[PDB]
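Structural features, examined
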Protein chains: 2
Amino acid sequence: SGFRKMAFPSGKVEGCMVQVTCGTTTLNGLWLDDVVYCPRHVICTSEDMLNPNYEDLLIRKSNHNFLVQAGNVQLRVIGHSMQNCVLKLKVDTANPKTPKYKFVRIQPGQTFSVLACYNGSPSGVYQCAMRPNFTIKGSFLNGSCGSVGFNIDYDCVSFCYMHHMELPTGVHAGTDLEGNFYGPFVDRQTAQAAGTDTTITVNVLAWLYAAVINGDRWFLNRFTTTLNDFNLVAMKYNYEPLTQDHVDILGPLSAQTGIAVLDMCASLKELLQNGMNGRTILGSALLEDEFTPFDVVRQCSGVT
Amino acid sequence: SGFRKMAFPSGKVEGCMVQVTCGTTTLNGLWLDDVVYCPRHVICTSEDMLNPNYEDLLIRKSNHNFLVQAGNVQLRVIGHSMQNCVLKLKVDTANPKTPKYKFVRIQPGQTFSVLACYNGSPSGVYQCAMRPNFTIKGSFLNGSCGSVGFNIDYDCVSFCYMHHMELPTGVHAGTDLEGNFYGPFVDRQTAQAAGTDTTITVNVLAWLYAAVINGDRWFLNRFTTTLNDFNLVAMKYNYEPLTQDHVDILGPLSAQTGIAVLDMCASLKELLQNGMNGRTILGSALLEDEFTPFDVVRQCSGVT
Ligand SMILES: *CC(=O)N1Cc2ccccc2C[C@H]1C(=O)NNC(C)=O
Ligand SMILES: *CC(=O)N1Cc2ccccc2C[C@H]1C(=O)NNC(C)=O
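Residues numbered from 1 in each chain as written, not as in the entry; some residues may be left out. Chains lettered and ligands numbered in written order. Heavy atoms only, no water.

- In terms of determination method and resolution, the entry is listed under X-ray crystallography at 1.560 Å.

So, in C-alpha cells, the structure goes:
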C-alpha cells in the first residue's frame, strides 16, 4: 500500500544524454542510434532569440561547428538537418546504450517522466502531465533545454517531450521528438500567453479510486450523478468535460473497487462544491490530476 | 524556474538490482561488487513471520538454497552470512555495473530516492523523507521488499535504506545497509504502532524559501519572531523544535533571498495559526516537509 507520484526508472534515458555546443550555446542532446536530437535554438545566441530566422542561421553552420560530447568522449558529426524545431546531428558512432525506443506525440492529460539534465548530465527525475493547455509545470533552470520526457513499457522507451523554453509565467513548453511544439508556442523570445489551465477530470477520478484502494475513503458519499449533471459542475470549476471514453478507461478501477464511475463523479462533485474541509486525500490537500487511469492501475498492481 | 519533488537519476541503482529467491519466497537484492544484500526474511515462509528465529531458520539454509538472478543471468552463491536484519550473499562475480558507493545511516528528516522494484525489476522512482518517527510513507506492494533508498553525490551512490515491511497502518519500515532498522521496528509480523509523526520544520522553512525564489510570495508577512516564541507554536502544531543548527543550514537560502530565518519562521507561524485560506504554495495546499535545505539549494542551482 501507499501511493506516490512515481517517475519511471531513468537509466535507459541517462545513457542517451549528451552535451551539444554550437558556438557559445550549450544544451542537452538525446543520442539514439547514430543520431543526436536537440532543440534547434542551440544555433542561437541570446540576441538571435528575439526574432530568429533558423534557416538563415543554420546556413552559417557546418558539421564541425556542432560539438557533441557524451560524458568525456567526443562524437564526430557527419551530418546535420533541421526537422521542425529540432536539429538532428548524424554522428559516426551508434550509441551502445541505445534502448528499444519509439517517438510518440502524447495527448494533453497524459503523464510522463522528465529527466532534468544540465550540460549533458542528469540531475533528477520527476513525473508530470501535459496540461490541457499544452504546457508542463516542470523544474527547469538555464542549461536544462534539450532535457526529455518519456514513458517506459517494459523495455521500450517512448520519448514524448523535449524541453525548449519557459514562458514569462514560469510554465514550460516544448516539442515532441519530431520537433513539433505541443500547443501554439514558437521558439522565439516573445511573450506567449498560455490558455486556461483546466483540471484533468479523468485523472482526478483515477486518483480518487487510488485513494479508496489505499484506505482514504472519507470523501465517498451516498450520492450519484449523470454525465451531463457532472459536466455542469466540471465547467463551473474549469475541469475538462468527462466523456464516455473517460468512463470506459476508468472501467478497471470501477470493477476492482466496486464503485460505479458515476458514483465517483458524485463524490468529486461534492468535493468541488464543498472543498476538502481541512482534510487530506493521499497526503494532498487539493485534488491531484497528474495520475492517469493507466498510472493508477500500474502502481496499484506493481508493473515493472 | 519551477520546483518539483525530484528523485535522483536511478540508473546507477537499476544496474545493481537482482532477484533473490529462497525456497518459495522471492524479493529484491542489491548486488555491489561480489556481494548481494537482501532482507533476512527471504528465508521465511508466511507462517515463519509470526515469530521467526532467524538464527535457527538460517541453519537449515546452504549457499545453493539462495537463488540470485540478475535479469536473465544466474549468480553463483559462494558464501552467506547474516548481519543484523540483512543477508549478505557472497557471489563469484563482481557486478560490472557497480557504481562508486557508500553505505550511510541517515538522520530523521533527511530525504532520499526509492527505486521501487518487483522480482529484481525496477518499476519506479520517487523521493521521500525518513519521518521523525523513523517510518517512511512509500509505495510498496508485495514483492517490493529489498527495494532500496539512496542519495547521489556526482558519481557516488550513498545507499541509506532497504525496505523490509509495512506496519498495519500502511506506513513503511526498513533498515540501513548494515541491516539495522530505523526506529524500534523488528522484522516480525506483529503489530508495531509507530510514534507521533511530527512535521520536519527545517524542511518546511527550506520549501518556503524555494517558494519565494520561484515567485510564490503571498505568505510573506510584516512580522518576525524568536526561536523560543516560534518553538511554542511548533510544539502546539506537532512540528519539530527548531534549533540554531537548523537556522545555520538555512543560511545560504536566507542569504540568497535576503529574508532572515526568523522572519521566515514568523511567516510559518502565521501559516500554522491561520492556514492557507484556500491558497497554494508551489502547487501544494499544505506545508511540504520532504525537501531538505540541501535539496532546495541543489534544485534551485542545477547540481548534476
Ligand atoms: C533553453 C531556454 O531556457 N531558452 C530557450 C529559448 C527558446 C525560445 C525562446 C526563448 C528562449 C530562451 C530560454 C528561455 O526559455 N528562457 N526564458 C524565457 C525566454 O522566458
Ligand atoms: C516484504 C513484506 O512486505 N513483508 C515482510 C515482513 C517483514 C516483517 C514482518 C512481516 C512481513 C510481511 C510483509 C509485510 O510487511 N506485509 N504486511 C504486514 C505484515 O503488515
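From this point, the discussion proceeds with the structure in view.
1. Remarks on unusual backbone geometry
Residues and elements named next belong to chain B.
- Here the phi dihedral of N238 falls at roughly 55°; this positive angle occurs in a residue that is not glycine.
- In this structure, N238 sits in the loop between α4 (227–236) and α5 (244–249).
- Look at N238 and you get partly exposed, because its relative accessible area is 42%.
- The phi torsion at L282 lies on the positive side, around 50°, for a residue other than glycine. (Helix = DSSP H or I, 4+ residues; strand = E, 2+ residues; numbered from the N terminus. Buried < 20%, exposed > 50% of the residue type's maximum accessible area, 1.4 Å probe, protein only.)

2. Side note on the site of ligand 2
Residues and elements named next belong to chain B.
- Contacts to ligand 2 come from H41, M49, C145, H164, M165, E166, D187, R188 and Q189.
- Between ligand 2 and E166 there is a distance of 2.8 Å, counted from an oxygen atom to a backbone nitrogen or oxygen.
- Expressed as a share of its isolated accessible area of 430 Å², the protein-covered part of ligand 2 is 77%. (Near = heavy atom within 4 Å. Polar contact = N/O pair within 3.5 Å; in protein donor to acceptor, adjacent residues only side chain to side chain. Areas by Shrake-Rupley, 256 points an atom, 1.4 Å probe, with all protein chains shown as cover.)

3. Observations concerning the domain arrangement of chain A
Residue and element names in this part refer to chain A.
- Per the domain assignment, the segments of chain A are domain 1 (1–14 + 100–197), domain 2 (15–99) and domain 3 (198–301).
- Computed over C-alpha atoms, the centres of domain 1 and domain 2 are 19 Å apart.
- For the pair domain 1 and domain 2, the two sides together bury roughly 2400 Å², of which 55% comes from carbon and sulfur.
- Considering only the side of domain 1, the residues that lose the most area to domain 2 are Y101, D187 and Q189, jointly responsible for 23% of the buried surface there.
- Put simply, domain 1 and domain 2 have 1 salt bridge between them. (Domains from an automatic or database assignment. Buried area = accessible area lost by both parts, 1.4 Å probe. Salt bridge = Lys/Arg side-chain N within 4 Å of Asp/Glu carboxyl O.)

4. Observations concerning the site of ligand 1
Residues and elements named next belong to chain A.
- In the vicinity of ligand 1, the contacting residues are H41, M49, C145, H164, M165, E166, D187, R188 and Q189.
- In isolation ligand 1 offers 430 Å² of accessible surface; the protein chains occlude 76% of this area.
- When its residues are assigned to classes, the shell around ligand 1 shows 3 nonpolar, 3 polar and 3 charged. (Nonpolar A, V, L, I, M, F, W, Y, C, P; charged D, E, K, R; others polar.)

5. Some remarks on the packing of helix α3 (residues 201–213) of chain A against helix α7 (residues 261–274) of chain A
All names here are of chain A.
- Contact geometry for α3 and α7: axes closest at 10 Å, N-to-C directions at 100°. If you check the angle between α3 and α7, you find them roughly perpendicular. Here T201, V204, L205, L208, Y209 and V212 of α3 lie close against α7, whose contacting residues are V261, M264, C265, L268 and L271.
- By residue class, the composition of the contact of α3 with α7 is 10 nonpolar, 1 polar and no charged. (Axes fitted to C-alpha atoms, helices over the stretch in contact; angles between N-to-C directions. Parallel < 35°, antiparallel > 145°, perpendicular 65-115°, else oblique. Contact = heavy atoms within 4.5 Å.)

6. Overview of the sheet that holds strand β5 (residues 73–75) of chain A
All names here are of chain A.
- Reading across the sheet, the 7 strands line up as β5-β4-β1-β2-β3-β7-β6 and stay open at both edges, with antiparallel pairing between neighbours. Whereas interior strands pair on both sides, the edge strands pair on one side only; in this sheet they are β5 and β6 (77–83). Direction aside, neighbouring strands of the sheet carry axes that sit 30° apart on average. (Pairing = 2+ DSSP bridges.)

7. Some thoughts on the environment of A210(B)
Residues and elements named next belong to chain B.
- Turning to its location among the elements, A210 is positioned in helix α3 (residues 201–213).
- Of the residues examined, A210 reaches a relative accessible area of 0% and is grouped as buried.
- With 164 residues separating them along the chain, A210 and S46 place their C-alpha atoms 46 Å apart.
- Sequence-distant contacts of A210, that is, excluding residues within four places in its chain, are made with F3, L282, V296 and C300.

8. Some remarks on the environment of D245(A)
- Tracing the sequence through the fold places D245(A) in helix α5 (residues 244–249).
- The sequence separation of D245(A) and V202(A) amounts to 43 residues, and the corresponding C-alpha distance is 9.6 Å.

9. What about the nonpolar core?
- Grouped together as the largest cluster of nonpolar side chains are 40 residues, with contacts concentrated most on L30(A), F159(A), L30(B) and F159(B).
- Apart from residues no more than four positions distant in its own chain, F159(B) is found in contact with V13(B), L30(B), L32(B), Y101(B), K102(B), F103(B), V104(B), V148(B), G149(B), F150(B) and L177(B).
- Core analysis: the next-biggest nonpolar cluster, separate from the first, contains 36 residues, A206(A), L208(A), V261(A) and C300(A) among them. (Core = buried A, V, L, I, M, F, W, Y, C linked by side-chain atoms within 4.5 Å.)

10. Notes on the relation of the copies chain B and chain A
- With an RMSD of 0.0 Å, the fit of chain B onto chain A corresponds to turning through 180° and sliding 0.0 Å along the axis. On the angle and the small slide along the axis, the relation comes out as a two-fold axis. Minimal C-alpha separation from the rotation axis in chain B is found for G11(B), amounting to 1.8 Å.
- A shared binding surface is used by both copies, with 100% of the interface residues of chain B retained as interface residues in chain A. (Least-squares fit on C-alpha atoms.)

11. Observations regarding the interface of chain B and chain A
- Taken together, the contact pairs 43 residues of chain B with 43 residues of chain A.
- Where chain B abuts chain A, roughly 3000 Å² becomes buried across the two surfaces, and 53% of that area is made up of carbon and sulfur atoms.
- Applying the counting rule to chain B against chain A returns 2 salt bridges.
- For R4(A), the salt bridge goes to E290(B), with nearest N and O atoms at 2.8 Å.
- Linking chain B to chain A there are 23 residue pairs in polar contact.
- Looking at the side of chain B that touches chain A, the elements that each hand over two or more residues are α1 (11–14), β9 (111–118), β10 (121–129) and α8 (293–301) of chain B.

12. Observations regarding the state of the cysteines
Residues and elements named next belong to chain A.
- One pass over the structure, following the stated rule, counts 0 disulfides over all chains.
- Here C128 is not cross-linked by a disulfide; its sulfur's nearest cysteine counterpart is in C160, at 8.0 Å.
- Overall, the relative accessible area of 0% leaves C128 in the buried class. (Disulfide = S-S within 2.5 Å.)

13. Considering the pairing of strand β6 (residues 77–83) of chain B
All names here are of chain B.
- Here β6 pairs with strand β7 (residues 86–91) via 6 bridges, running antiparallel. Bridging from a neighbouring strand, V77 pairs with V91 of β7.
- Between β6 and β7, which pair antiparallel one after the other, the connecting turn spans 2 residues, and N84 there sits at a positive phi close to 55°.

14. Some remarks on the pattern of salt bridges
Residue and element names in this part refer to chain B.
- Taken as a whole and assessed by the stated rule, the structure comprises 24 salt bridges over all chains.
- Across the pair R105 and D176 runs a salt bridge whose closest N-O atoms are separated by 3.0 Å. Here the residue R105 occupies a position in the loop between β8 (100–103) and β9, and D176 occupies one in the loop between β13 (172–175) and α3, the gap between them amounting to 71 residues.
- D289 is the salt-bridge partner of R131, the closest N and O atoms lying 2.7 Å from each other.

15. Remarks on the pairing of strand β11 (residues 148–153) of chain B
Residue and element names in this part refer to chain B.
- Counting buried positions over the 6 residues of β11 gives 5, a clear majority of the element.
- As paired strands, β9 and β11 are joined by 3 bridges and run antiparallel to one another. Across the sheet, the residue bridging to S113 is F150, located in β11.
- Sheet analysis places β11 next to strand β12 (residues 156–166), joined by 6 bridges and oriented antiparallel. Counted as the bridge partner of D153 is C156 from β12.
- Hairpin connection between β11 and β12: a loop of 2 residues separates the two successive antiparallel strands, and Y154 in this loop has a positive phi of roughly 55°.

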